[PDB]
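See below for the structure under consideration.
We place every Cβ from the backbone using ideal geometry, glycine too, and count neighbours over all the protein chains shown. Every number here is computed from the coordinates shown, using simple stated rules; none is lab data.
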Amino acid sequence: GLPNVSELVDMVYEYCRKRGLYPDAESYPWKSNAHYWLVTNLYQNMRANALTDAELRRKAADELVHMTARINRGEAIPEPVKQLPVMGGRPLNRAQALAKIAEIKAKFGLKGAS
Amino acid sequence: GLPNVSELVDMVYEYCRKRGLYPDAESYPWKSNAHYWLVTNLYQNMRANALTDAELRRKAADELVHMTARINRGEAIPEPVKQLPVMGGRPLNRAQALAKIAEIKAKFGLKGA
Amino acid sequence: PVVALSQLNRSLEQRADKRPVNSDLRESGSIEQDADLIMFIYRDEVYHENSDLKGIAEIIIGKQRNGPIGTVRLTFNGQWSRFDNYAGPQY
């Protein structure tokens, strides 16, 4: 079930404290997508508006009411957007790099590096 | 039926995000005329007053109440406002344009052109 | 053509909508007066983590002297540090 106002505020504070070790908000181990959306929206709003504790609680209550209304009316929550893979696959060594350097210098010669 | 305050705010934000490519507001795929009027009015009010989220919701609720009062008393909503046709139909090739330019030059005798 | 980069005041970050406008060139009215073309770069993902436009940037023509004005969408590949033509649906 959806957390109450106090629980939502506590979760937002915990996410704010713990976000330092996550490369992105999607990497956070959210209990559900709705919790992710609500907590991130509250964090962004309070960071961009310098809200107080009472204002933060009021915004959390409004977001909870909106989420409950949307759930009662249906709708579907997608899986964010994501941003780029991690890539990899670099089986390169120093000798091959030096060979590339020598080939480039031989092809050009005008490097002028000493 | 008319959307609630939250749905109206969501539609207004979506229109604000996605109107950067449409030629005009009337070209937006509005569900109904009332939705177009309400969303556009809220967007313009936010643009001209820098309304916050709570202020936007309050304005949306006020507009919904006003629209409901207007509907209950009757009145017919006209189809947007419209602005000019699309024109078109220009099947002109480079050769004909160059011939016309040369004819203009010959007729007016432009020394510098 | 001369393309000169400029900066905007901090107050822009306090507005409800952070897309730049001409009045955001505060302390630099002569720049708005003299410039023939003014383009603002806006990336929604910078301000919003949950943006649906990740990798998408907007070039907003705030002042076009000899033509229309509006927004042009491009794809931002920060991995390669590049801008590319936007291949998504256009409205």
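Spatially, region B:96-113 and region A:53-85 are offset by 66 Å when compared through their Cα centroids.
A Gaussian network model of chain C, with springs between Cα atoms under 10 Å, assigns the largest mean-square fluctuation among C:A35, C:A16, C:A57 to C:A16. The charge dipole of the protein assembly as shown, taken about the Cα centre with unit charges on the Cβ atoms of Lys, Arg (+1) and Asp, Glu (-1), comes to about 1560 debye, rounded to the nearest 20.
Say a site is exposed when it is one of the trypsin sites (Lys or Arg not before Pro), sits in a DSSP loop, and has at most 13 other Cβ atoms within 10 Å; what is then the longest site-free stretch of chain A? Each step should come with its number before you reach the end.
On the way: sites that count: A:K31, A:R73, A:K82, A:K111.
Longest site-free region, per DSSP loop and neighbour criteria: A:32-72.
May I ask you to derive the relative contact order of chain C, considering only C-alpha pairs under 8 Å and at least 6 residues apart, and to give it as an integer percent? Rounded, it is 18 percent for chain C. Checking the cross-link pairs A:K18/A:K82; A:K82/C:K18; A:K82/C:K54; B:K18/C:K54; B:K59/B:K82 against a 18 Å limit on the alpha carbon distance flags A:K18/A:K82; A:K82/C:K18; B:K59/B:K82 as lying beyond it.
All C-alpha to C-alpha distances of region C:3-67, sorted into 5 Å bins beginning at zero, yield P(r) values of 3, 16, 25, 24, 17, 10, 5, 1 percent in whole numbers.
If you wrap chain A's Cα atoms in a convex hull and average its projection over all directions, what's the area in nm²? Don't skip to the end; give the middle numbers.
On the way: hull surface 53.0 nm².
Result: a mean projected hull area of 13.2 nm².
Taking the Cα centre of chain B as reference, the dipole from Cβ charges on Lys and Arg (+1) and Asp and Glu (-1) amounts to some 920 debye. Considering chain B as a Gaussian network with a 10 Å cut-off on Cα pairs, which listed residue, B:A61, B:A48, B:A102, attains the greatest mean-square fluctuation? Taking springs between Cα atoms under 10 Å, the residue moving most is B:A102. Based on the reciprocal of the average 1/r between different C-alpha atoms, the Kirkwood radius for the protein assembly as shown equals 25.0 Å.
Short-range pairs are left out: with C-alpha atoms under 8 Å and at least six residues apart, the relative contact order of chain B is 30 percent. A helix-only calculation puts chain B at -19500 deg cm²/dmol for mean residue ellipticity at 222 nm, using -39500 (n - 2.57) for each DSSP H run of at least four residues, averaged over all residues. Look at the stretch B:14-23: the mean tally of other chain Cβ atoms within 10 Å of its residues' Cβ atoms is 4. Axis angle, to the nearest 10 degrees, between helix B:94-108 and the longest C-alpha principal axis of chain B: 60 degrees. Taking 25 Å as the straight-line reach from the Cα of B:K111, the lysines in range (excluding those fewer than 8 positions away in the same chain) are B:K100.
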